[PDB]
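Here's coords00.tsv, which has TSV, C-alpha atoms:
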```
chain	number	residue	atom	x	y	z
A	1	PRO	CA	-8.88	-16.30	42.61
A	2	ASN	CA	-7.95	-16.28	38.91
A	3	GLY	CA	-4.53	-14.89	39.91
A	4	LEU	CA	-4.93	-11.33	38.69
A	5	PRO	CA	-4.71	-8.52	41.25
A	6	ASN	CA	-8.07	-7.48	42.67
A	7	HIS	CA	-7.58	-3.92	41.42
A	8	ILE	CA	-7.15	-5.31	37.91
A	9	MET	CA	-10.26	-7.51	38.21
A	10	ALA	CA	-12.43	-4.96	40.03
A	11	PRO	CA	-13.46	-3.11	36.82
A	12	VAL	CA	-14.28	-6.45	35.16
A	13	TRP	CA	-16.63	-7.44	37.98
A	14	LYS	CA	-18.13	-3.93	37.97
A	15	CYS	CA	-18.92	-4.16	34.24
A	16	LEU	CA	-21.21	-7.18	34.73
A	17	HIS	CA	-23.75	-5.25	36.82
A	18	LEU	CA	-23.56	-2.14	34.62
A	19	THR	CA	-24.25	-4.18	31.48
A	20	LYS	CA	-27.17	-6.09	33.03
A	21	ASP	CA	-28.84	-2.89	34.25
A	22	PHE	CA	-28.33	-1.21	30.86
A	23	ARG	CA	-29.96	-4.10	29.00
A	24	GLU	CA	-32.88	-4.21	31.45
A	25	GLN	CA	-33.43	-0.52	30.71
A	26	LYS	CA	-32.69	-0.28	27.00
A	27	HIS	CA	-32.84	-3.63	25.29
A	28	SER	CA	-36.16	-5.36	24.62
A	29	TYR	CA	-37.59	-8.83	24.09
A	30	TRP	CA	-39.45	-8.15	20.84
A	31	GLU	CA	-39.23	-5.65	17.97
A	32	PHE	CA	-40.11	-5.55	14.27
A	33	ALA	CA	-43.08	-7.89	14.66
A	34	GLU	CA	-43.96	-7.23	11.00
A	35	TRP	CA	-40.81	-8.94	9.66
A	36	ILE	CA	-41.23	-12.65	10.47
A	37	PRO	CA	-39.53	-15.06	8.02
A	38	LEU	CA	-41.78	-16.56	5.33
A	39	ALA	CA	-40.73	-19.96	3.98
A	40	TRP	CA	-42.01	-19.26	0.45
A	41	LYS	CA	-39.37	-16.51	0.18
A	42	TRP	CA	-36.66	-19.08	1.07
A	43	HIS	CA	-36.03	-20.95	-2.18
A	44	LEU	CA	-33.56	-23.81	-1.79
A	45	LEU	CA	-30.99	-23.84	-4.59
A	46	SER	CA	-30.09	-27.25	-5.98
A	47	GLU	CA	-26.48	-28.44	-5.86
A	48	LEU	CA	-25.80	-27.32	-9.44
A	49	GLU	CA	-27.53	-23.99	-8.80
A	50	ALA	CA	-25.55	-23.39	-5.59
A	51	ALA	CA	-22.06	-24.15	-6.99
A	52	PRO	CA	-21.38	-20.60	-8.32
A	53	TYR	CA	-21.87	-19.16	-4.82
A	54	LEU	CA	-19.80	-21.63	-2.77
A	55	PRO	CA	-16.34	-20.38	-1.70
A	56	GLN	CA	-13.70	-22.03	-3.78
A	57	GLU	CA	-11.26	-23.78	-1.42
A	58	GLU	CA	-12.54	-27.29	-0.75
A	59	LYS	CA	-10.14	-28.17	2.09
A	60	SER	CA	-8.46	-26.00	4.72
A	61	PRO	CA	-4.72	-25.42	4.88
A	62	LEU	CA	-3.05	-28.12	6.92
A	63	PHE	CA	-2.67	-27.00	10.52
A	64	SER	CA	-1.87	-28.20	14.01
A	65	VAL	CA	-2.89	-26.78	17.39
A	66	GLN	CA	-0.57	-26.70	20.40
A	67	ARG	CA	-2.16	-26.01	23.78
A	68	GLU	CA	-0.05	-24.66	26.65
A	69	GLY	CA	0.67	-27.31	29.27
A	70	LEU	CA	-0.65	-30.22	27.24
A	71	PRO	CA	1.59	-32.71	25.43
A	72	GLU	CA	2.35	-32.01	21.79
A	73	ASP	CA	-0.33	-33.67	19.65
A	74	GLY	CA	1.87	-33.55	16.54
A	75	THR	CA	-0.84	-34.48	14.04
A	76	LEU	CA	-1.64	-32.10	11.21
A	77	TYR	CA	-5.37	-31.51	10.96
A	78	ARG	CA	-7.26	-30.65	7.80
A	79	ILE	CA	-11.01	-30.19	7.41
A	80	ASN	CA	-13.40	-29.83	4.49
A	81	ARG	CA	-15.23	-26.64	3.62
A	82	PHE	CA	-18.34	-26.38	5.83
A	83	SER	CA	-16.87	-28.84	8.34
A	84	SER	CA	-15.43	-28.61	11.84
A	85	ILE	CA	-13.00	-30.33	14.18
A	86	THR	CA	-14.39	-31.62	17.46
A	87	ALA	CA	-14.04	-29.36	20.49
A	88	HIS	CA	-11.02	-30.09	22.65
A	89	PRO	CA	-12.45	-32.19	25.51
A	90	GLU	CA	-10.99	-29.98	28.27
A	91	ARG	CA	-10.50	-26.51	26.74
A	92	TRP	CA	-13.46	-26.64	24.30
A	93	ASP	CA	-11.81	-24.61	21.54
A	94	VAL	CA	-13.12	-25.36	18.04
A	95	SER	CA	-11.72	-24.73	14.57
A	96	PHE	CA	-13.96	-24.83	11.50
A	97	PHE	CA	-13.36	-24.03	7.83
A	98	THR	CA	-15.44	-21.65	5.74
A	99	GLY	CA	-13.77	-22.07	2.33
A	100	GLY	CA	-12.21	-18.61	1.96
A	101	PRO	CA	-10.74	-15.65	3.82
A	102	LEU	CA	-13.18	-14.33	6.40
A	103	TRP	CA	-14.05	-10.64	6.07
A	104	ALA	CA	-17.20	-10.24	8.17
A	105	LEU	CA	-18.36	-11.98	11.35
A	106	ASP	CA	-20.93	-11.39	14.10
A	107	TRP	CA	-22.64	-13.33	16.88
A	108	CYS	CA	-26.39	-13.84	16.77
A	109	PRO	CA	-27.76	-12.00	19.84
A	110	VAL	CA	-29.97	-13.95	22.24
A	111	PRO	CA	-31.89	-12.42	25.18
A	112	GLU	CA	-30.06	-13.01	28.43
A	113	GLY	CA	-31.24	-16.10	30.28
A	114	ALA	CA	-32.67	-17.77	27.17
A	115	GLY	CA	-29.97	-20.46	27.25
A	116	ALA	CA	-30.49	-20.76	23.51
A	117	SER	CA	-28.47	-22.32	20.74
A	118	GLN	CA	-25.73	-19.88	19.72
A	119	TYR	CA	-24.86	-19.00	16.12
A	120	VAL	CA	-22.47	-16.83	14.16
A	121	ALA	CA	-22.99	-15.24	10.76
A	122	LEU	CA	-19.89	-14.79	8.63
A	123	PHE	CA	-18.69	-14.02	5.11
A	124	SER	CA	-15.58	-15.65	3.65
A	125	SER	CA	-14.38	-14.31	0.31
A	126	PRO	CA	-14.63	-16.71	-2.65
A	127	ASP	CA	-10.97	-16.68	-3.71
A	128	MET	CA	-7.94	-16.53	-1.42
A	129	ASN	CA	-6.13	-14.43	-4.05
A	130	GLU	CA	-8.82	-11.84	-4.77
A	131	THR	CA	-8.33	-8.36	-3.43
A	132	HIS	CA	-10.83	-5.64	-4.26
A	133	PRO	CA	-10.21	-1.95	-4.98
A	134	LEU	CA	-12.21	0.31	-2.67
A	135	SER	CA	-12.84	2.91	-5.38
A	136	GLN	CA	-14.97	0.53	-7.49
A	137	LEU	CA	-18.30	-1.19	-6.97
A	138	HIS	CA	-18.08	-4.98	-7.25
A	139	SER	CA	-21.54	-6.67	-7.28
A	140	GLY	CA	-20.14	-10.19	-7.79
A	141	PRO	CA	-21.74	-13.38	-6.47
A	142	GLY	CA	-21.05	-14.41	-2.89
A	143	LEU	CA	-22.42	-16.35	0.07
A	144	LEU	CA	-23.46	-15.43	3.60
A	145	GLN	CA	-22.88	-18.32	6.02
A	146	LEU	CA	-24.73	-19.10	9.26
A	147	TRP	CA	-22.85	-21.47	11.59
A	148	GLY	CA	-24.39	-23.03	14.70
A	149	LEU	CA	-22.18	-23.33	17.77
A	150	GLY	CA	-24.62	-25.10	20.09
A	151	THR	CA	-25.77	-23.89	23.49
A	152	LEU	CA	-22.18	-23.74	24.84
A	153	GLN	CA	-23.07	-24.92	28.33
A	154	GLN	CA	-20.35	-26.70	30.30
B	1	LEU	CA	12.47	44.32	-8.57
B	2	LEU	CA	9.74	43.63	-5.99
B	3	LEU	CA	6.67	45.88	-6.05
B	4	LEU	CA	3.76	45.64	-3.64
B	5	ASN	CA	0.66	45.41	-5.81
B	6	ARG	CA	-0.54	48.96	-5.07
B	7	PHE	CA	2.77	50.22	-6.50
B	8	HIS	CA	3.22	47.76	-9.39
B	9	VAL	CA	4.28	49.59	-12.56
B	10	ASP	CA	5.62	47.89	-15.70
B	11	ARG	CA	9.15	49.29	-15.84
B	12	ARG	CA	10.47	49.12	-19.39
B	13	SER	CA	14.07	48.47	-20.43
B	14	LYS	CA	16.16	50.38	-22.96
B	15	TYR	CA	16.89	47.23	-24.97
B	16	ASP	CA	13.23	46.16	-24.85
B	17	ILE	CA	11.83	49.39	-26.29
B	18	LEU	CA	14.61	49.47	-28.90
B	19	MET	CA	13.97	45.81	-29.78
B	20	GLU	CA	10.29	46.70	-30.24
B	21	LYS	CA	11.27	49.67	-32.43
B	22	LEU	CA	13.53	47.40	-34.50
B	23	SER	CA	10.67	44.88	-34.69
B	24	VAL	CA	8.32	47.64	-35.87
B	25	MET	CA	10.91	48.65	-38.48
B	26	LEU	CA	11.68	45.11	-39.69
B	27	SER	CA	8.00	44.10	-39.70
B	28	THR	CA	7.28	47.18	-41.85
B	29	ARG	CA	10.11	46.26	-44.21
B	30	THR	CA	8.40	44.22	-46.93
B	31	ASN	CA	11.12	41.53	-46.74
B	32	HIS	CA	11.38	41.61	-42.92
B	33	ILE	CA	15.15	41.91	-43.52
B	34	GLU	CA	17.50	44.88	-43.19
B	35	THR	CA	21.25	45.33	-42.82
B	36	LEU	CA	22.62	46.16	-39.38
B	37	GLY	CA	24.03	49.52	-40.49
B	38	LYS	CA	20.66	50.79	-41.71
B	39	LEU	CA	19.00	49.37	-38.58
B	40	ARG	CA	21.52	51.39	-36.56
B	41	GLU	CA	21.12	54.49	-38.74
B	42	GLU	CA	17.32	54.34	-38.47
B	43	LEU	CA	17.84	54.67	-34.69
B	44	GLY	CA	21.18	56.51	-34.51
B	45	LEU	CA	22.54	53.64	-32.44
B	46	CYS	CA	26.15	52.82	-31.73
B	47	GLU	CA	27.33	49.31	-32.57
B	48	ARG	CA	28.00	48.62	-28.87
B	49	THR	CA	24.31	49.10	-28.05
B	50	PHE	CA	22.99	47.59	-31.29
B	51	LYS	CA	24.90	44.30	-31.02
B	52	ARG	CA	23.03	43.62	-27.77
B	53	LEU	CA	19.72	44.34	-29.53
B	54	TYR	CA	20.70	42.09	-32.43
B	55	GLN	CA	21.70	39.19	-30.16
B	56	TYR	CA	18.73	39.74	-27.82
B	57	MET	CA	16.37	39.75	-30.81
B	58	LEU	CA	18.06	36.49	-31.87
B	59	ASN	CA	17.96	35.01	-28.35
B	60	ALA	CA	14.31	36.04	-27.99
B	61	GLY	CA	13.64	34.01	-31.15
B	62	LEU	CA	12.18	37.12	-32.79
B	63	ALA	CA	14.74	37.20	-35.62
B	64	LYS	CA	17.32	35.14	-37.51
B	65	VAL	CA	20.93	35.76	-38.54
B	66	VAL	CA	20.95	36.14	-42.34
B	67	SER	CA	23.25	37.64	-44.95
B	68	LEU	CA	22.20	38.92	-48.38
B	69	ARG	CA	24.22	39.88	-51.43
B	70	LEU	CA	24.34	43.58	-52.30
B	71	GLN	CA	22.74	42.72	-55.65
B	72	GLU	CA	19.98	41.01	-53.64
B	73	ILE	CA	19.39	44.07	-51.45
B	74	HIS	CA	19.33	46.29	-54.55
B	75	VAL	CA	29.50	41.68	-51.88
B	76	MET	CA	27.82	39.79	-49.03
B	77	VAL	CA	26.01	42.02	-46.54
B	78	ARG	CA	25.15	41.02	-42.98
B	79	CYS	CA	21.46	41.40	-42.20
B	80	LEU	CA	18.77	40.67	-39.62
B	81	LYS	CA	15.76	38.62	-40.72
B	82	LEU	CA	12.73	39.13	-38.48
B	83	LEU	CA	10.81	35.94	-37.69
B	84	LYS	CA	8.21	37.43	-35.33
B	85	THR	CA	4.52	7.93	-15.21
B	86	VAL	CA	3.82	5.17	-12.67
B	87	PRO	CA	0.13	4.16	-12.68
B	88	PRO	CA	-1.67	4.98	-9.43
B	89	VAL	CA	-2.53	2.23	-6.97
B	90	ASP	CA	-6.21	1.38	-6.49
B	91	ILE	CA	-5.98	0.86	-2.73
B	92	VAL	CA	-7.48	-2.52	-1.86
B	93	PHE	CA	-9.53	-3.43	1.20
B	94	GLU	CA	-7.77	-6.62	2.25
B	95	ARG	CA	-4.18	-5.40	2.67
B	96	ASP	CA	-2.47	-2.91	4.96
B	97	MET	CA	-0.80	0.17	3.48
B	98	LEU	CA	2.72	-1.16	4.06
B	99	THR	CA	1.90	-4.36	2.16
B	100	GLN	CA	0.32	-2.30	-0.63
B	101	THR	CA	3.30	0.09	-0.69
B	102	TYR	CA	5.84	-2.73	-0.92
B	103	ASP	CA	3.86	-4.20	-3.82
B	104	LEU	CA	4.14	-0.89	-5.69
B	105	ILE	CA	7.91	-0.84	-5.13
B	106	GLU	CA	8.11	-4.48	-6.27
B	107	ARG	CA	6.21	-3.65	-9.46
B	108	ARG	CA	8.81	-0.95	-10.11
B	109	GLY	CA	11.70	-3.28	-9.33
B	110	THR	CA	15.10	-2.61	-10.88
B	111	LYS	CA	14.26	0.99	-11.83
B	112	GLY	CA	13.06	1.98	-8.35
B	113	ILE	CA	10.75	4.80	-7.33
B	114	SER	CA	11.13	8.07	-5.45
B	115	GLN	CA	9.22	9.16	-2.35
B	116	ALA	CA	7.52	11.86	-4.44
B	117	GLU	CA	6.33	9.30	-7.00
B	118	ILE	CA	5.15	7.01	-4.20
B	119	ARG	CA	3.23	10.00	-2.80
B	120	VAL	CA	1.37	10.57	-6.06
B	121	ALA	CA	0.86	6.87	-6.83
B	122	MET	CA	-0.50	6.15	-3.35
B	123	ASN	CA	-2.55	9.39	-3.21
B	124	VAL	CA	-1.27	10.37	0.25
B	125	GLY	CA	0.15	13.51	1.82
B	126	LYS	CA	3.80	14.49	2.00
B	127	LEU	CA	4.19	13.55	5.68
B	128	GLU	CA	2.32	10.28	5.13
B	129	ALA	CA	4.47	9.16	2.18
B	130	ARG	CA	7.57	10.06	4.23
B	131	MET	CA	6.52	7.81	7.13
B	132	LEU	CA	5.78	4.90	4.77
B	133	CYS	CA	9.31	5.07	3.35
B	134	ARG	CA	10.94	5.37	6.79
B	135	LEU	CA	9.13	2.23	7.99
B	136	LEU	CA	9.88	0.22	4.84
B	137	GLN	CA	13.54	1.16	5.28
B	138	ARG	CA	13.67	0.03	8.92
B	139	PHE	CA	11.79	-3.18	8.14
B	140	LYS	CA	14.70	-3.81	5.71
B	141	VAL	CA	12.27	-4.65	2.89
B	142	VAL	CA	13.32	-1.61	0.81
B	143	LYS	CA	16.78	-0.14	0.20
B	144	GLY	CA	17.26	3.56	-0.53
B	145	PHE	CA	19.68	5.01	-3.08
B	146	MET	CA	20.45	8.65	-3.79
B	147	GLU	CA	20.20	9.96	-7.33
B	148	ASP	CA	21.15	13.48	-8.36
B	149	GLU	CA	18.79	14.67	-11.06
B	150	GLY	CA	18.07	18.24	-12.03
B	151	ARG	CA	18.69	20.38	-8.96
B	152	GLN	CA	17.60	17.68	-6.50
B	153	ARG	CA	19.43	14.89	-4.67
B	154	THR	CA	16.33	12.71	-4.79
B	155	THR	CA	16.24	9.35	-3.06
B	156	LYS	CA	15.11	6.34	-5.05
B	157	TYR	CA	13.83	3.21	-3.32
B	158	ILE	CA	14.22	-0.40	-4.47
B	159	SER	CA	13.15	-3.65	-2.86
B	160	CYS	CA	15.89	-5.89	-1.46
B	161	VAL	CA	14.80	-8.46	-4.05
B	162	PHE	CA	16.13	-6.21	-6.82
B	163	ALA	CA	18.34	-3.81	-4.83
B	164	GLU	CA	21.73	-5.47	-5.34
B	165	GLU	CA	21.10	-6.06	-9.06
B	166	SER	CA	19.78	-2.53	-9.62
B	167	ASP	CA	21.50	0.04	-11.83
B	168	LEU	CA	21.83	2.48	-8.92
B	169	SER	CA	23.60	-0.18	-6.85
B	170	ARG	CA	25.88	-1.26	-9.71
B	171	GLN	CA	26.81	2.31	-10.68
B	172	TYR	CA	27.41	3.42	-7.08
B	173	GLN	CA	29.38	0.29	-6.13
B	174	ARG	CA	31.79	0.78	-9.05
B	175	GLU	CA	32.47	4.44	-8.23
B	176	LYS	CA	32.82	3.62	-4.53
B	177	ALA	CA	35.47	0.96	-5.26
B	178	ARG	CA	37.25	3.26	-7.73
B	179	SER	CA	37.22	6.04	-5.12
B	180	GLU	CA	38.68	3.80	-2.39
B	181	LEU	CA	41.47	2.76	-4.77
B	182	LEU	CA	42.32	6.32	-5.84
B	183	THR	CA	42.38	7.66	-2.28
B	184	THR	CA	44.55	4.78	-1.02
B	185	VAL	CA	47.00	5.08	-3.92
B	186	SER	CA	47.21	8.77	-3.09
B	187	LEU	CA	50.31	9.17	-0.95
B	188	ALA	CA	49.96	8.97	2.83
```

Now that the file is in, can you turn its structure into structure tokens?
Amino acid sequence: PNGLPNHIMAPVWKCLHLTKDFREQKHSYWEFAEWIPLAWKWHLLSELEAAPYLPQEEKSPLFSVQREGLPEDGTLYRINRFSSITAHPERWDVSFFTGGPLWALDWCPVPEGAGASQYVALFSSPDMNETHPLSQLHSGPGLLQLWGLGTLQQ
Amino acid sequence: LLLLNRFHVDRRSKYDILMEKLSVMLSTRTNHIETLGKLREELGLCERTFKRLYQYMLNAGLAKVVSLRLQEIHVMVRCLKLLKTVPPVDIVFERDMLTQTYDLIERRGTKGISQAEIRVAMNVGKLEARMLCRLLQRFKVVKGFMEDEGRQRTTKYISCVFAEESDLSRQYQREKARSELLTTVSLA
């Protein structure tokens, strides 16, 4: 029904069941019960304390998004560091700006069926122009970012 | 002469042993100097043999051409006097090897770089440096020029930013034009 041949889709449909059965067997609902977050170890830096860690670009490049089969919007968007455009009302894509070039990114895992709020953790390098030699330790200041995407239901 | 190690023997040469004898003689002369005739007479040598020894001793750097007056040995008397760059690239995380290789060639610029000097500077194998250059040629970001130096027709590579202005371009383009003139003014 999506227009691909059934022999092209048949492995995709097969993978759903195989993944669910694997996770039932070999994931779990709780581990590392010793390591619960303690608020007294989470010290909030003030604005003037945080400023050395923040990635250095304050506004994104200017951009525009064209979506196949829609009219041309034509506006250039730009968004502040730590800010996001609104999801497209029909296709739900979102762009957000992290202040520097992104070099690590992962989804927060949530047990299947939880329907939770979804998040990503990411690192964006401080300076667009930095590039770091592999042969040398660095140990500079940087920031790990957690971004919340919502529950992502229709 | 090729000898398999079992059978390796240090074969002497007639001139070598006679040069050593002359060296023993001259080094035992208090001045380290003697006239050619005496040096022959001490060994019974003909001039045809001895003149090789003299010039080999000179060419070996073991002795010097000198002449002394007869009153200095005791007329000028012929004698023999015995005497006896490119910095490597710290490969960065955030760029692919072609980007990093083009940057090296840009930092060279007008003077260019060879494939062998890319190989060392990038710290890659022979086959890996070769593929980098082949790709940068086909992507038309780098232009290759031949340079004869020593025994080797080495290629040098220059970015198309500097390629036309480069010395290798300018030198080659002149001699190409001059060649096309000379061959066309040669009679049909």

May I have a table of the residues of chain B lying at most 7 Å from chain A, giving each one's closest pair of atoms and their distance in Å to one decimal, counting all atoms listed in the file, ordered by chain and ascending residue number, as a Markdown table?
```
| residue | atom | partner | partner_atom | distance |
| --- | --- | --- | --- | --- |
| B:90 | CA | A:133 | CA | 5.4 |
| B:91 | CA | A:133 | CA | 5.6 |
| B:92 | CA | A:133 | CA | 4.2 |
| B:93 | CA | A:134 | CA | 6.0 |
| B:94 | CA | A:131 | CA | 6.0 |
```

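Between atom CA of residue B:158 and atom CA of residue B:179 the separation is 23.9 Å.
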
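One distance worth recording is that between atom CA of residue B:77 and atom CA of residue B:33, which is 11.3 Å.
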
Centre and edge lengths, as AutoDock Vina command-line options, for the axis-aligned box enclosing every listed atom of stretch 42-59 of chain B with 3 Å of padding on each of the six sides, in Å to one decimal?
```
--center_x 22.2 --center_y 45.8 --center_z -33.1 --size_x 17.6 --size_y 27.5 --size_z 16.7
```

Selection near stretch 58-73 of chain A, 8 Å with all atoms listed in the file, sequence-local residues under 5 positions removed, as a PyMOL selection string:
chain A and resi 78-81+97+99

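Our summary of the geometry notes that atom CA of residue A:116 is positioned 20.1 Å from atom CA of residue A:33.
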
Counting all atoms listed in the file, which of B:170, B:40, B:130, B:108 gets nearest to residue B:155?
B:130

Excluding stretch 26-29 of chain A and its own-chain neighbours fewer than 5 positions away, which residues fall within 12 Å of it when counting only C-alpha atoms? Please give them as a list in words.
residues 19, 20, 21, 109, 110, 111, 112, 113 and 114 of chain A

Which residues, written as a ChimeraX atom specification, have at least one atom at most 12 Å from residue B:101, with all atoms listed in the file counted and residues fewer than 3 positions away on the same chain left out?
/B:88-92,95-98,104-108,113,115,117-124,128-137,141-142,157-159

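Neighbouring residues of residue B:42 at 12 Å or closer, counting all atoms listed in the file and skipping chain neighbours under 2 positions away, are residues 18, 21, 22, 24, 25, 26, 34, 35, 36, 37, 38, 39, 40, 44, 45, 46 and 50 of chain B.
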
Please identify all polymer residues within 8 Å of residue B:146, counting all atoms listed in the file, omitting same-chain residues fewer than 3 positions from it, and present them as a PyMOL selection string.
chain B and resi 153-156

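Considering only C-alpha atoms, the residue among A:108, A:143, A:45, A:149 positioned nearest to residue A:84 is A:149.
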
Find the residues with any atom within 7 Å of (-15.9, -18.6, -1.5); use all atoms listed in the file and the coordinates as given in the file, and write the answer as a VMD selection string.
chain A and resid 53 to 57 99 to 100 124 to 127 142
